[PDB]
Every structure is written in structure tokens, then in C-alpha cells.
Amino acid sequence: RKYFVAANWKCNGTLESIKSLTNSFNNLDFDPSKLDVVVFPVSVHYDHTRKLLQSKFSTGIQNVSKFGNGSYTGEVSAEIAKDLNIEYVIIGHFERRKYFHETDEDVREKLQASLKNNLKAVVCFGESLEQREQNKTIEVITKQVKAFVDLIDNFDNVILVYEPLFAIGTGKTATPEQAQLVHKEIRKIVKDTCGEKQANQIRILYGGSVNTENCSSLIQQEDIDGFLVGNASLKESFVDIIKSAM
């Protein structure tokens, strides 16, 4: 199972900060055939970032439309992404489910659209704090994963990301042990619905808060195949996070 480390720059960056950042990133010597390292800049920053990053680095966009080409002002369709040779796309990130009312139905349609166009997809899901305290974690995640999991035809092209919302900006922290449990269950769902071969083939990333300090203990976990890094990916120290997966 090939490790997957992704940098979700989210809504951050300037042409200068990116030029400076990608420069550091490029100094890290790693074998792309042994590790997947993806960077997701802001859509308008894609071209700039892509030119600046060396081939060993994959690039994608933080969101894609559930509709195809057509009258949908402000959207980016998978057809357009394909035409642009954009490799990955993030779908269902909690920030979009939260602020932009994206639903599991949306996540499903977006995934289907992405795959139909040969885009690799990093699909996110997770439970809120309320959901965790009510002890509905497994339940919620099962409903979320089962909302799209039956569309995955190739388990190398779809990467799942567990976002423990209950730990993001709530004063709480997710421990490697806790993530390991959830990951194991997420993988179990995939097995029971797609098969063991698939379940062992698909990468499941930790989408919680990752930093130079906790990355090693997290990646160590059996069912944690890497992570979707937030703010830490906006600093040069991100390479040390990539290193912990080499």
C-alpha cells in the first residue's frame, strides 16, 4: 500500500509565498513511484503552482462541480479538469459540507463525475463533536462512506480521508490510537461492500490536525496510509512531514 501525503493549501497563498514554498518542496528528494505527494493549491493558483513544482509532485484542485460543462457560473467541471490534466480533486471536505451545504448526494455525484473523467479523488468524511459524544461515530461514518463507496471501480484512484471534526477547533485532540480504530472500521466497511482485495488496496488518510510533531506516530498506525495536511502544508517544515512517510 503506497503512502499518500497531500497538502491542502485551502484558501491561502500569493504568487510569492507559493514560489518560495514550492522551492523548498522541490529540494526534498523522494521517489514518486514509492510515495504519492499531492499539492492542492487554489484554483487560480493551479497553473502557477504546477509550473513551479517538479514532476515528482502531483497537483489537484480543492473542489469540482457535480454538474458537467454548461451554465453553472463559478464552477469547475471534471471535463475541464481532465482537459487541463489536473490529476486529483478533493471532494466532501468538511469545510465545504459545513460552509457550502455540500451533502452526501453531492459527494456522490461529484465522485461519479470525477471518475467518469479519469480524475483521481480524495474523498473526505467524518463526524462532528456532537455526533461523537452521542456515540454515533461508526454510524455516521458508515452512512457517509456508503453514500459513494459503491462507485469506486479502481481502488488506486480513490483515496479516503477521515476528518475527525470533533477535534478540529474544539479544544480536543485525536490520538493515533483513536484514529486507528476509526480507520480500521472505515476499511472494514470497504471490505464488506467491495471486497478484501479492494479494502487492502485503498488508502485511508488522516485528515485531522497533522504537524511535524505527531505525523510519525499517526503514519505508524496500521490503517493510516498518510494524511491530508492543513496549515502545516503552508510551511517549509511540511517536507519533514513527507519524510515521516519515506
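Start at 1 and count along the sequence shown; that's the residue number.
Trainee: State which stretch shows the higher mean Cα B factor in the entry: 90-98 or 150-158.
Mentor: Taking the mean B-factor of the alpha carbons in each, 150-158 is higher.
Trainee: Could you check the entry and say whether 18-26 or 224-232 has the higher mean CA B-factor?
Mentor: In the deposited entry, the stretch with the higher C-alpha B-factor mean is 18-26.
Trainee: Just the C-alpha B-factor column, please: which of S43, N214, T59, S65 has the biggest number?
Mentor: Max CA B-factor in the entry, restricted to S43, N214, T59, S65: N214.
Trainee: Out of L181, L52, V190, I219, which one has a C-alpha B factor higher than all the others in the entry?
Mentor: The C-alpha B-factor peaks, among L181, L52, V190, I219, at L181.
Trainee: Can you tell me whether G74 has a C-alpha B-factor in the lowest, middle or highest third compared with the other modelled residues of the same chain?
Mentor: Ranked within chain, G74 CA B lands in the lowest tercile.
Trainee: Ordered by C-alpha B-factor within the chain, which third holds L119? Give me lowest, middle or highest, please.
Mentor: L119: CA B-factor falls in the middle third of its chain.
Trainee: Against its chain's modelled residues, does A7's Cα B factor rank lowest, middle or highest third?
Mentor: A7: CA B-factor falls in the lowest third of its chain.
Trainee: Classify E127 as lowest, middle or highest third according to the C-alpha B-factor given in the PDB entry, relative to its own chain.
Mentor: For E127, the deposited C-alpha B-factor lands in the lowest third.
Trainee: Select lowest, middle or highest to describe the third in which the CA B-factor of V140 falls within its chain in this entry.
Mentor: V140: CA B-factor falls in the middle third of its chain.
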